[PDB]
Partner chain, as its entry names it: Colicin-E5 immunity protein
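Consider the single chain below, provided in C-alpha cells and representing the form solved without the partner chain.
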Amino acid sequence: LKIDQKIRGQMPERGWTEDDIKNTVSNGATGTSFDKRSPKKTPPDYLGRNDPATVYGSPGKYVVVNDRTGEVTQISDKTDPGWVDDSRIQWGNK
C-alpha cells in the first residue's frame, strides 16, 4: 500500500488513519473503479496512470487502491455523513 502526499493531507480531514485504511482493505474488496490520471496529475513521477483499481469499505466509508501500484487514489470523507459516493464505482459482483 502506498500513500502519497495528497492522500496524507486528506486523511485527517476525512477521518482516516493509516491503520483504518489498512483494516478496511484487509476486510476485502467490495467494488471496482479505475485510476485514470493524466501525466500532470501524477507528481512527482508524471508518468500518468491507466490502471484498474479496487474499492474497499462501504458507501460513505471507502478507499480506492490502484491494483498495479498499490497507491491509495481516493478516500471518502467519513466525517461527512452526507458524503456523495463516486457514482462511477461498480459495487459488488458484476
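Numbering follows the first chain given and starts at 1. Rigid core (definition): largest C-alpha set, two forms, superposition within 1.5 Å.
Stretches 10-18 and 80-88 differ in mean C-alpha B factor, with the higher average recorded for 80-88. Two stretches are in play, 41-49 and 60-68, and the higher mean C-alpha B-factor belongs to 41-49.
Below, we turn to the form deposited with the partner chain bound, even though it does not appear here.
Residue in contact with the partner chain in the deposited bound form (any heavy atom within 4.5 Å), chosen from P52, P43, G28, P59: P43. Looking at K36, you'd find a heavy atom of it within 4.5 angstroms of the partner chain in the deposited bound form. At least one heavy atom of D85 is located within 4.5 Å of the partner chain in the deposited bound form. In the deposited bound form, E13 approaches the partner chain with a heavy atom inside 4.5 Å. At a distance threshold of 4.5 angstroms between non-hydrogen atoms, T79 is in contact with the partner chain in the deposited bound form. Here the two forms are overlaid on the core, and between the shown form and the other one the C-alpha of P43 is the only one among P52, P59, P43, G28 to shift by 2 Å or more.
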